[PDB]
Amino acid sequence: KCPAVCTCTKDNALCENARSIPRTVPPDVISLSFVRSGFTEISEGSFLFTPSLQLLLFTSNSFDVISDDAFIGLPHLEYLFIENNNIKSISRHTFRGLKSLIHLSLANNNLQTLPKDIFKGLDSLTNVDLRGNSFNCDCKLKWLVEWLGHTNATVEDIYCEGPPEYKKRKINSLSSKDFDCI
């Protein structure tokens, strides 16, 4: 049955003010959304009780950590929209196992950095949205500049919000020349 913090149809569940990721979402749902949620963390294997998800949305939440393998066990997931959240930390293997993922959004989360190889193995990606963040253009972001240069995925123009000498520079236009790290 539909969890009380959710509203469900046959195909879809929309959860609001959830205090934890519910483990009782009906296992046949193919799209799941969390809005204004109470939980602060997304630990490994959080969605194993809904293995048939094709779409996941997180919007207007506050997260302390999205952990390694948060989205593991979801081999059919094609759309993952993580937008308009406060997110303190995302991990290197947060998106591990998402071989079918077509479109990832990390838009409007005021992210200051992204860990190296965060998109490793996302071989089905045609779209990634990175706008509306606050990236610091330092050595920790060097990998992203290289990734933007080699990916076939469509990615919008995004801009450094720091350090001050880099502010408003288009990240897509940077080179590894722009970074001399050790």
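Numbers for residues come from their place in the sequence shown, where the first is 1.
Legend: mean Cα B-factor per stretch from the PDB entry, 171 to 179 versus 2 to 10; the higher mean is in 171 to 179. The deposited model assigns a higher average Cα B-factor to 32 to 40 than to the other stretch when 32 to 40 and 66 to 74 are compared. Highest C-alpha temperature factor among 139, 125, 55, 48 per the entry: 139. Per-chain ranking of the deposited C-alpha B factor places residue 105 in the lowest third.
Per-chain ranking of the deposited C-alpha B factor places residue 130 in the lowest third. Among the modelled residues of the chain, residue 93 sits in the lowest third by CA temperature factor in this PDB entry. Looking at the C-alpha B-factors along this chain, the one for residue 59 belongs to the lowest third.
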